[PDB]
Amino acid sequence: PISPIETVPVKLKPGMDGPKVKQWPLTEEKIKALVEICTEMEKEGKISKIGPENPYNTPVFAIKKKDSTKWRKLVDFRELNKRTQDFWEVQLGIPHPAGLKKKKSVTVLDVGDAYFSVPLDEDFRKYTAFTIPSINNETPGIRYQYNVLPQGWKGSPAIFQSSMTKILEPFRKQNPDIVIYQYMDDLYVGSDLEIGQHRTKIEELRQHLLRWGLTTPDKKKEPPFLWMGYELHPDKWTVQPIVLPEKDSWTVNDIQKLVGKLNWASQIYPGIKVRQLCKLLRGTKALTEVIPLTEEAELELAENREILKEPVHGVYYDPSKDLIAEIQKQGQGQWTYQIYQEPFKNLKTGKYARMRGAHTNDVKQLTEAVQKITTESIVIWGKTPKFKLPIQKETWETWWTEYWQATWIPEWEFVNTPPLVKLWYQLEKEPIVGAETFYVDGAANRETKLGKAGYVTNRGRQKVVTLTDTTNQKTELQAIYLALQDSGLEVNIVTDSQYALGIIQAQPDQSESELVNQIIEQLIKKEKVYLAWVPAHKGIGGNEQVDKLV
Amino acid sequence: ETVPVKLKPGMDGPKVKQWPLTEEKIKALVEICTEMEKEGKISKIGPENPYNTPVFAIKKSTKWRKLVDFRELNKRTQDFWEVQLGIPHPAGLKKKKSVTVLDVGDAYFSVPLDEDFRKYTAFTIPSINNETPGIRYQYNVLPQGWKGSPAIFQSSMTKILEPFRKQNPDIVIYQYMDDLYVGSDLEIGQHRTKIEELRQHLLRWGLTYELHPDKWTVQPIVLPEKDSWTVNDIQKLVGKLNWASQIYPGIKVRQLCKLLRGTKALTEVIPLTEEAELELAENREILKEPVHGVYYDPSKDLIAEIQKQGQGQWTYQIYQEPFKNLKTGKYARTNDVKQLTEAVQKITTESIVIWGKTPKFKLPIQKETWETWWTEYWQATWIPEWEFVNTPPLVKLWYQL
Ligand SMILES: Cc1cc(C#N)cc(C)c1Oc1nc(Nc2ccc(C#N)cc2)nc(N)c1Br
């Protein structure tokens, strides 16, 4: 059939004109297949034959379907497509299982010849004109244009989906207790009716579909339904079965695929880790290239295989209960979380591993994870969860106040699931009486990359060292590290590097810079550190005396 | 009869992704849009409209209100609302004893939008878990939030106000987006009485809080007065003046850092010099006044920087070229995001009164955090542009109170 629904108005991009490509001469047997196919399409209304006038044309080709001797009709709409207006995005975003509700009965209807069942804007049809060439091109070809959404044309998915949405409206409105998800040419229908009342509703749906031009193959499975990588059952869900190969040798390709499968399994299997495997993927190697698994990667692989052996499932969402989200520190930079409404029946799980910057601490990362989980929740359930976090209220509020960025997390509670997130050192807020004042300074030469880092103290100690192929910012870090390793448990440090000061007063407990990690271990060992800044070259006492020596 | 509206040449309409929304806000938007539809304000659109602009719901008062984020559209229509016709900003406004802000957004709902421009005002109501296609609309009437609407209603607005303006020549009324700003030097009771009077004119054409721009004074960089001074105290002092030197002509530091000689313990006390004593005195005299050499340039964007100072205190500066402060200030009186949100609306309001322009904000927060939450506390019908920055920790120190 061809749906009685109104057409969608379609135009070409504002500058442009319709396609005018010349038809390539075709093999005699492709011409023959094309005539057969087109004759059948033309009898169903899909296409109408035309004669110039119509000045447009787009090339048609024909391929033999697999080994099985059917021919398919290919049109190449490249040029019409480059010339066609943009459409709204079909529907960007697909449902997550953790967000679905339980259903007693589900059925999957697929729409026959979906695109060819929807009419094309009458005014636009001429631009779809194509030509079956005569044998060896010797006489004029047979010319058609589409009356329906062509396969391969830019507008088809969007217009089909909008048509189906308009056609589903009345049925959704008259049947609020039943639910229908649209995707491409499939319809996914679910209800809390018993098989009998439900099958009856399906038939009213099909009847309603067919009233509108859309056939749905008749009444010939049960759960589980395989859907978008998932396995859906009436009151639970899991990912579709994951199989991790056994191999003595892993190619870049094998490892990429394994990380993808593991990442996918991490939606419901708690505590999957991929850090060690992912480090293998670092660098510039060929897909076919074999990568020896390091020891940590080999253990991580094991740890995961241990998690994957027996199946796990998630449950569906009950709109009448709160969502609880719990987070644990896993590896380093690795965070894992579970979301449930009844402990501990997870609606789903997840990973967070992102690094924001070169230097961070656990408190900052935990907050970022909380932010990522909050957004995921808005999307999946339409509200934010109550959190349970391995951080003390006192720790959190000590960080939030003293830090210079604004932050905020929704309702949360401490939960004692070590490792607990802590601040590993605090910087003093006032100069320390009786602590040696180290005036530090670092400076590098621009074209030599040769630097000096050093200090003078009020107690008369002095020291300068040479550094090779360094930057100005590294030497300033070097100077501060120097002062930390040569001082007692209490020490005041005066620098002129806002760079160095920015990093350290942020209170990092982890960094990509080795130097910075050295400074950090050093900061944890101290009992008191006060860090101060002065303007350089402004002739400040201690500054322009360790600046003069460096 | 509608006014023809053109985009800026070479630019296509807005294509901005709809932010995810909570259940309650989506419900409120469906309700509202179902009503605006039945009234003809907006109509359902099909997939042949590719454009999109984000929408949100805000809580004014317990009543949901729809808010359309037209920042992209406004930016892509800018030629139209700024320099064809366009609305003069009165210098007198910032000088009045009292300015009252009146929402007149309802006025646009009664004016048709140019049929060929409607498609650019498309927006989408999303669904939870992406389970159904978003609900899609465009506008048939002048939309609240679009800078084109006041530009277009301008002519009608001065007809509505002519009687009242003629009868009270000392009152300044300025339109910006959805709001009317009304300023007088009357005593507060007489001022309020006149606002009521104005409300009554408004009411005949279909329209059913208080600022005191005088009480707006600079927040100077302040130099502490102190009993005694430590080396550390002097060094902070020198750095704050050093940086003020970047802004204020005449700042002097020389005979102050003379005190910081050799390498001294941070905690050691050092006596105050005749010389120095005069400097910070004269520097204070300087920091008290407006910056010599800095003037507003109307062809340039305003920028606002904000610093979190702690204990619910926030400092801000408004400039066009960094360090050339047109204005500095503070906001005070504990959710960080809520406070930042309030501060941004306050600063945006003053900026509207003073320059008839909204600043682009440099916000001291995480992009992702701001976006989740600002909706919860936002109460204005406009939205300024913003980016996200890490406050240079020293800048925070030099603006502390
Ligand atoms: C009906 C349906 C089937 C399949 C498919 N395939 C996939 C989707 C996205 C479906 O839509 C919905 N399904 C459910 N629950 C659900 C419950 C059990 C089973 C099973 N078994 C499947 C889906 N809740 C919704 N709100 C929507 Br909308």
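Chains as they are written, first to last, in the deposited numbering: chain A, 1 to 220, 223 to 552; chain B, 6 to 65, 68 to 215, 232 to 356, 362 to 429.
Idealized CB from N, CA, C, for every residue including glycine.
- Distance from the CA atom of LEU12 (chain A) to the CA atom of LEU149 (chain A), rounded to whole angstroms, is 15 angstroms.
- Its Cα nearest to that of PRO272 (chain A), the residue A:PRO313 stands out among A:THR472, A:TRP252, A:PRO313.
- Just so you know, the alpha carbons of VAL435 (chain A) and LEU486 (chain A) end up roughly 17 angstroms apart.
- For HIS361 (chain A), the pairing in a beta bridge is given by DSSP as A:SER513.
- Counting other Cβ atoms within 10 Å of its Cβ, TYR56 (chain A) reaches 16 or more and is therefore classed as buried.
- Of the heavy atoms belonging to ligand 1, at least one sits nearer than 7 angstroms to the Cβ of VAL179 (chain A).
- Under the three-state reduction of DSSP output, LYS331 (chain A) falls in the strand class.
- One Cα belongs to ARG172 (chain B), the other to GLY93 (chain B), and the distance between them is close to 20 angstroms.
- Separation of the CB atoms of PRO412 (chain B) and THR386 (chain B) is rounded to 5 angstroms, and the pair is thereby assigned contact status at 8 angstroms.
- Cβ contact annotation for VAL189 (chain A) (same chain, cutoff 6 angstroms, sequence separation greater than five): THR107, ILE180, in chain order.
- Rounded to whole angstroms, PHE116 (chain B) and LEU209 (chain A) show a C-alpha spacing of 38 angstroms.
- For the region 97–146 of chain A, the continuous beta strand (DSSP E) assignments of 3+ residues that do not extend past its boundaries occur at 105–110, 130–132, 142–146, in sequence order.
- Listed along the chain, the chain B residues whose CB falls inside 9 angstroms of the CB of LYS540 (chain A) are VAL261, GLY262, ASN265, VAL276, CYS280.
- Minimum Cα-Cα distance from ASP218 (chain A) among the listed residues A:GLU203, A:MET230, A:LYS331 corresponds to A:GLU203.
- When rounded, the separation of the alpha-carbon atoms in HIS198 (chain A) and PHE416 (chain B) is 53 angstroms.
- Using a Cβ-Cβ cut-off of 8 angstroms, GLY285 (chain B) is close to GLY543, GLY544, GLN547 of chain A, given in chain order.
- Contact between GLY352 (chain B) and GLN242 (chain B) holds: their C-beta atoms lie close to 5 angstroms from each other, under 8 angstroms.
- Per DSSP, the continuous beta strand (DSSP E) segment holding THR338 (chain A) begins and ends at 337–342.
- Around the beta carbon of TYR318 (chain B), fewer than 16 other beta carbons lie within 10 angstroms, which makes this residue exposed.
- Interface criterion met: the Cβ of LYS424 (chain B) is under 8 angstroms from a Cβ in chain A.
- Checking the 7 angstroms criterion, the Cβ of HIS96 (chain A) is out of range of every heavy atom belonging to ligand 1.
- With fewer than 16 other beta carbons inside 10 angstroms of its own, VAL35 (chain B) counts as exposed.
- At the C-beta level, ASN255 (chain B) and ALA534 (chain A) come within 8 angstroms of one another.
- At a cut-off of 7 angstroms, the beta-carbon of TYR318 (chain A) counts as near ligand 1: some heavy atom of the ligand is closer than that.
- Fewer than three beta-carbon pairs drawn from the region 327–342 of chain A and the region 364–376 of chain B are found closer than 8 angstroms, and the two stretches are therefore not classed as touching.
- Taking the CA atoms as reference points, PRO420 (chain B) sits about 15 angstroms from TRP337 (chain B).
- For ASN460 (chain A), the neighbours in chain B by C-beta distance under 7 angstroms run, in chain order, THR286, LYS287, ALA288.
- Contact between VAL75 (chain B) and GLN151 (chain B) holds: CB atoms are separated by about 7 angstroms, below the 8 angstroms threshold.
- DSSP places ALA355 (chain A) in the coil class of the three-state scheme, outside both helix and strand.
- Here the region 138–150 of chain B lies against the region 113–128 of chain B, with 3 or more beta-carbon pairs under 8 angstroms apart.
- Look at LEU295 (chain B) here: in three-state DSSP terms it is coil, with no helix or strand label.
- Here DSSP, grouped into helix, strand and coil, assigns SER191 (chain A) to strand.
- If you check the CB distance, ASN545 (chain A) and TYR441 (chain A) come in under 8 angstroms.
- Here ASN447 (chain A) is exposed, its C-beta having fewer than 16 other C-beta atoms within 10 Å.
- With a 10 Å radius around the Cβ and a threshold of 16 neighbouring Cβ atoms, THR128 (chain B) comes out buried.
- For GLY99 (chain B), the closest of B:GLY316, B:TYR188, B:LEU391, B:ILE37 by C-alpha to C-alpha distance is B:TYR188.
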